[PDB]
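Since the structure comes first, as structure tokens, the remarks are kept for the end.
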Amino acid sequence: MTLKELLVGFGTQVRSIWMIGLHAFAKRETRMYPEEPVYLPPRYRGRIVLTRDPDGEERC
Amino acid sequence: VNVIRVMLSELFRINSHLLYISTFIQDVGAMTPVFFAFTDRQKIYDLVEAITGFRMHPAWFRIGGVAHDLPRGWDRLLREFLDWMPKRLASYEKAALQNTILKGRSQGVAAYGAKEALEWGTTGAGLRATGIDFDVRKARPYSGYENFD
Amino acid sequence: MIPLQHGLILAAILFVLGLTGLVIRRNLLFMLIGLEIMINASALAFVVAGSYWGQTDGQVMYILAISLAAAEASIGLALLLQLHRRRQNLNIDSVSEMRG
Amino acid sequence: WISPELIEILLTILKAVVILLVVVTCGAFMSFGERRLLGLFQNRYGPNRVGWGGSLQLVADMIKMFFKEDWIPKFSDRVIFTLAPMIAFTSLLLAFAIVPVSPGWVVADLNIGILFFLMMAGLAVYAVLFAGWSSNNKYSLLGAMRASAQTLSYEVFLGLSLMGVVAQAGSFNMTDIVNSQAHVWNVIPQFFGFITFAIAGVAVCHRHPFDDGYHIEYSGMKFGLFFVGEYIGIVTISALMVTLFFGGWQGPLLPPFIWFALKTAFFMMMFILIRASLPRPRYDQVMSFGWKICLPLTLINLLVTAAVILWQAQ
Amino acid sequence: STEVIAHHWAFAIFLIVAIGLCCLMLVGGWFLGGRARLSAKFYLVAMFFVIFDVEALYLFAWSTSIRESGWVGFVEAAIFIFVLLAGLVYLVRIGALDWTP
Amino acid sequence: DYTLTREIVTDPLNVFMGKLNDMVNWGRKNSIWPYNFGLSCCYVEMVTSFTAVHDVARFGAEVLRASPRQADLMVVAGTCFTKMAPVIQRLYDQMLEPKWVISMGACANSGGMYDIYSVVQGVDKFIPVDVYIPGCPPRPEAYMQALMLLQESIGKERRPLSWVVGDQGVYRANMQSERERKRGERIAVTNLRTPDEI
Ligand SMILES: CCCCCCCCCCCCCCCCCC(=O)OC[C@H](COP(=O)(O)OCCN)OC(=O)CCCCCCCCCCCCCCCCC
Ligand SMILES: CCCCCCCCCCCCCCCCCCCC
Ligand code: SF4
């Protein structure tokens, strides 16, 4: 290919090298499961239960 | 109801487009930015989990409305996500989408004109890439999309 | 301490083995294999002769010999590829249309 | 049975055995470090739970490969199928066999050196060819033909890249190559030789960005043989680049082995960065870069090196 | 010189232990655990590699003794490298090294 | 209690053979290589677990081989369609011993919501399954929890060290279920956060 295309390609690869290194120098975003428990919102749709009334009897 | 549905649709559209861009970058040969794109998808999933209670299939729209109201704190999470997104988008673009190898692998591959898109029913990004400005959100407005700039 | 005669006998044995493989095999690939065996045997004999006299001329003609062997193997394998491309078989007895 | 010659024999054999064991363990632990550094490069932690710092993960992989059921295809040629991982291991192991780690700590002080490395590179492409053919698979055969053509296209100028360094050194011996770097490291005059040798060494080890595969049918300890052989090859290429372009063991303050290991680890981390960052160029682009660009560059570099070294030879 | 024979023995045990270690690694892998048309461009690339590797070996022989060969050796290898580059340019231009169509 | 595959048979486990089986089990759980097989939504959450936010790689399960001969664990993550069931069976038969199965999501568990003409009602209809995850889809940390469950089931199973000696049958422990194990702490839950907040 042309020399200008080669120099642009080498520049883009060196820029990718530098950006991946700067990603390496960043802060981790990994949740430490199971050691760090997963935060779940109050209306998260997980395990089903049957609940009770305030008097103590089952609501169903 | 219309604004809530538009907001949820745009959040999921951003999620799907992020996945598409990251998977294309991985399929060309750069496997790094799909991880950060999935972190951004995790932020979107945090907001969608807070609003609808589920990550990927919310089952939240109802006939005549939505299943619940917006929880107190949806605007804070939306603001945090909107602050998060543009720097990551620029980072992915400059790291991968402006690189020469992916451009050479992608440009000039399986091209077609407006006639091929029309006769084959091609829609979405391909049809508008052929120069036909046909979007459903503009031509046949729905869900109050005429009130958005 | 190593006789020149013994290396010459080893090279001659390799040469006659390559010649026998060149003669008895009617597949063209084994004929080319035999040709490389003989040219390597002659190169080995030349190296033995050069090392007996303590001269670099044996290794120099070894270099010329392996250059010839490389180019000749390239030409022979191109001809073998052409034969397999047009006739779909490597029978050296099939190329006998010129006789008399 | 006490004599200086016999104890020198035994001690030198012990140094060679220690070098061999340290090299194979360094290749295996640096495959584990490849996983860890890829995790670091993409903002993760990688394997860090199996043992203190994740160092016991490699033993778990070795146990899994050892106690996996050994599977060979019935229609495949058993001898070549067995032999290809053997070559892919041993070729780059004895390619390392010439590298001087420290003054007084060498395996073989040969009069050829990087010539022996070139023979080991030829054996490596033999390993790739044998692995492709022995699988009894057309797809793996075609993939091996492509990979072997690429390996040839970069092995064709690997030696000419090293030619400027040996031409300045004036001898094929590696100790003389290092001793010619006592005042200036060879990376400064042979910059083009350095980049061409780096590209060629990455390509002959089939490391990214130079990787219907020919590894699909391999399983059990043969696949582990392929991994430890290729990672030993990464170690060998890094140590060769250190000892041929970055002064080898020469350093101001630290012990020579410390400087050599630091430069080798820097080049290993550089190889992990090359794996993590660069996308994969297409095959035709890769071989056109191998033939059109780098080989004339090595030829011109050798000519300029000869002209310079004759200009200063008053 | 005991150092030379010591290095020869070190190379011998290095070779033997490396090959045997790979052998016993394969043996231990087998022993343990229960059980229950290609185009001519390939030829052209290999041929070009062979020819340029022989010309490379000529340059290998040159480069180790550049200083005592003098400037005459330099101009000789200049003609050699110019012939190599002319052949390479000839191969590139006609499409011998062009894999893509 | 254990069960055999060549019935219920007690624990057979010399101490050196016991330590050798323990270290084999340790190396097998701490190095589990999943197979890159995609069916449906649950595979999207599988590759979500492989990414940077979740980092499956801490378990040593990121190697993620593209050939079934090199894989130790098959994660069926998606729907077992009628056309895809022979592909699943052939892929599982291409594997080598030892091979475990993690069923991910409701479709691979039972057929899920798709009680339809073109869906096989559970992957256990034709291939044996070791772990099941409820979910549609399971979140990536649920897949992580199943990975640890498979590690626990692996670490107390008995397999032959070699084919030259010993019993050649496999012994998988009849594990106590997670339901009856966690019933003590699950019923004691009294109050939860109201769904009107974040
Ligand atoms: C499957 C097995 C296939 C066969 C594998 C090998 C089998 C034999 C293994 C045992 C070898 C025993 C030791 C051999 C001698 C070692 C020492 C030696 O070569 O010394 C000779 C020479 C000395 O040179 P120098 O140190 O400079 O001395 C100054 C001048 N007196 O130094 C030299 O001349 C150095 C150059 C020769 C080095 C040869 C190294 C081995 C080459 C073959 C590798 C094969 C790899 C496996 C197959 C690959 C696929 C085909
Ligand atoms: C990646 C590096 C691989 C190196 C393989 C060979 C290792 C040899 C180690 C030799 C150690 C002793 C060196 C001489 C003594 C000076 C240092 C003493 C403390 C180590
Ligand atoms: S269980 Fe649900 S999420 Fe998983 S494949 Fe089926 S429909 Fe998709």
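Protein chains in written order, with the authors' numbering: chain I, 1 to 60; chain C, 303 to 451; chain K, 1 to 100; chain H, 3 to 213, 223 to 325; chain A, 6 to 41, 63 to 127; chain B, 2 to 7, 23 to 29, 36 to 220. Positions of the beta carbon are idealized from the N, C-alpha and C atoms, including for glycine.
Where the alpha helix (DSSP H) through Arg430 of chain C begins and ends | Start and end: 427-431.
For the alpha helix (DSSP H) that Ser71 of chain B lies in, which residues bound it at each end?
-> In the DSSP assignment, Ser71 of chain B falls within the alpha helix (DSSP H) that extends over 63-71.
Ligand 3 heavy atom lying under 7 Å from the CB of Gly113 of chain A = Result no, Cβ not under 7 Å from ligand 3.
Alpha carbon to alpha carbon, how far is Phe268 of chain H from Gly224 of chain H?
-> Distance between the alpha carbons of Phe268 of chain H and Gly224 of chain H is about 39 Å.
For ligand 3, is there a heavy atom less than 7 Å away from the beta-carbon of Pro150 of chain B?
-> Because no heavy atom of ligand 3 lies under 7 Å away, the Cβ of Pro150 of chain B does not count as near it: no.
Could you give the C-beta distance for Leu306 of chain H and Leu85 of chain A, rounded to a whole number, given that I count them as a contact under 8 Å?
-> Not a contact, Cβ separation roughly 11 Å.
Just how far apart, CA to CA, sit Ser324 of chain C and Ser288 of chain H?
-> Cα to Cα, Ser324 of chain C sits roughly 14 Å from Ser288 of chain H.
Would you report the Cα separation of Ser155 of chain H and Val109 of chain B, rounded to the nearest angstrom?
-> Distance from the CA atom of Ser155 of chain H to the CA atom of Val109 of chain B, rounded to whole angstroms, is 39 Å.
Residues in its own chain within less than 7 Å of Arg357 of chain C by CB, not counting five upstream and five downstream?
-> Result list for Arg357 of chain C: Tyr347, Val350, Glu351, in chain order.
Per DSSP, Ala99 of chain B is paired with what?
-> In the DSSP assignment, the residues bridged to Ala99 of chain B are B:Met126.
So what does DSSP say about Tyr394 of chain C, is it helix, strand or coil?
-> Correct three-state label for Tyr394 of chain C: helix.
For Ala168 of chain B, collect the residues of the same chain with a Cβ closer than 6 Å to its Cβ; drop the 5 residues on either side in sequence, then sort them by chain order.
-> The residues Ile124, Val153, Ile155, in chain order, have a CB closer than 6 Å to that of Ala168 of chain B in the same chain once the five nearest residues on each side in sequence are set aside.
Quick one: list the residues of chain H neighbouring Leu118 of chain B, beta-carbon separation under 9 Å, in chain order.
-> From the beta-carbon of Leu118 of chain B, the residues of chain H found nearer than 9 Å are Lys70, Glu71, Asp72, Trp73, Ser230, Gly231.
Which residues, taken in chain order from the region 352-376 of chain C, show a beta carbon closer than 8 Å to some beta carbon of chain B?
-> Of all residues in the region 352-376 of chain C, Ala352, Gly355, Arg357, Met358, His359, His370, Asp371, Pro373, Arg374, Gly375, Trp376 have a Cβ within less than 8 Å of some Cβ in chain B.
Which runs of the beta strand (DSSP E) spanning at least 3 residues fall entirely within the region 119-167 of chain B, listed in chain order?
-> Listed in chain order, they are 122-126, 153-155.
Residues that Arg215 of chain B contacts on chain I, provided the C-beta gap is smaller than 7 Å = Residues of chain I passing the Cβ test: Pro42.
Backbone secondary structure at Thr334 of chain C - three-state DSSP = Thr334 of chain C falls in the coil class under three-state DSSP.
Any beta-carbon of chain A closer than 8 Å to the one on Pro182 of chain B?
-> Yes - at least one Cβ of chain A is within 8 Å of the one on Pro182 of chain B.
May I ask whether a heavy atom of ligand 2 can be found less than 7 Å away from the beta carbon of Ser104 of chain H?
-> At least one heavy atom of ligand 2 lies closer than 7 Å to the C-beta of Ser104 of chain H.
Does the beta carbon of residue 130 of chain A sit closer than 8 Å to a beta carbon anywhere in chain K?
-> Since the first and last residues shown for chain A are 6 and 127, residue 130 of chain A lies out of range.
Would you list, in chain order, the members of the region 265-296 of chain H that have their beta-carbon closer than 9 Å to a beta-carbon of chain C?
-> If the cut-off is 9 Å between Cβ atoms, the region 265-296 of chain H has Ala287, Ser288, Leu289, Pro290, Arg291, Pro292, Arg293, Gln296 near chain C.
Which of the residues in the region 380-398 of chain C, read from start to end, lie with their CB under 9 Å from any CB of chain I?
-> Residues of the region 380-398 of chain C whose Cβ lies closer than 9 Å to any Cβ of chain I, in chain order: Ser393, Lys396, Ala397, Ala398.
Going by the beta-carbon positions, is the gap between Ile434 of chain C and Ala416 of chain C smaller than 8 Å?
-> Taking C-beta atoms as the reference points, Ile434 of chain C and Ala416 of chain C count as a pair closer than 8 Å.
How long is the line joining the alpha carbons of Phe257 of chain H and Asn181 of chain H, rounded to whole angstroms?
-> Cα atoms of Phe257 of chain H and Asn181 of chain H: separation of roughly 12 Å, rounded to the nearest angstrom.
Is the CB of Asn401 of chain C under 8 Å away from at least one CB in chain I?
-> Residue contact with chain I for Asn401 of chain C: present (Cβ-Cβ distance below 8 Å to some residue of chain I).
Nearest chain I C-beta to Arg209 of chain H closer than 8 Å, yes or no?
-> Chain I, which has no Cβ nearer than 8 Å to the Cβ of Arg209 of chain H, makes this no.
Heavy atom of ligand 3 within 7 Å of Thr354 of chain C beta-carbon | Not one heavy atom of ligand 3 sits closer than 7 Å to the Cβ of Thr354 of chain C.
Identified DSSP bridge partners for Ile24 of chain B | For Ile24 of chain B, which the question treats as bridged, DSSP gives the partners B:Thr4.
Drop a sphere of 10 angstroms on the beta-carbon of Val239 of chain H, count the other beta-carbons inside from all chains shown, and report buried for 16 or more, exposed for fewer.
-> Buried, since its Cβ has 16 or more Cβ neighbours within 10 Å.
If you follow the alpha helix (DSSP H) that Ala86 of chain H is part of, which residue opens it and which one closes it?
-> 80-98 is the span of the alpha helix (DSSP H), which, as asked, contains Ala86 of chain H.
Are the CB atoms of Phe196 of chain H and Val206 of chain H nearer to each other than 8 Å?
-> No, the pair does not count as a contact, with Cβ atoms beyond the cut-off.
Should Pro159 of chain B be counted as a contact of ligand 3 given a C-beta to heavy atom distance under 7 Å?
-> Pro159 of chain B: yes, Cβ under 7 Å from ligand 3.
Endpoints, alpha helix (DSSP H) assigned at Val192 of chain B = Note, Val192 of chain B: premise wrong, no alpha helix (DSSP H); beta strand (DSSP E) at 192-195.
Proximal residues of chain A, C-beta to C-beta of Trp185 of chain B below 7 Å | Simply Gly39, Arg40.
Which first and last residues belong to the alpha helix (DSSP H) in which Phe132 of chain H is found?
-> Run containing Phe132 of chain H: 116-136, per the alpha helix (DSSP H) assignment.
Given a threshold of 16 other Cβ atoms within 10 Å of its Cβ, counted over all protein chains shown, does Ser89 of chain A qualify as buried or as exposed?
-> Its Cβ being crowded by 16 or more others within 10 Å, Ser89 of chain A is buried.
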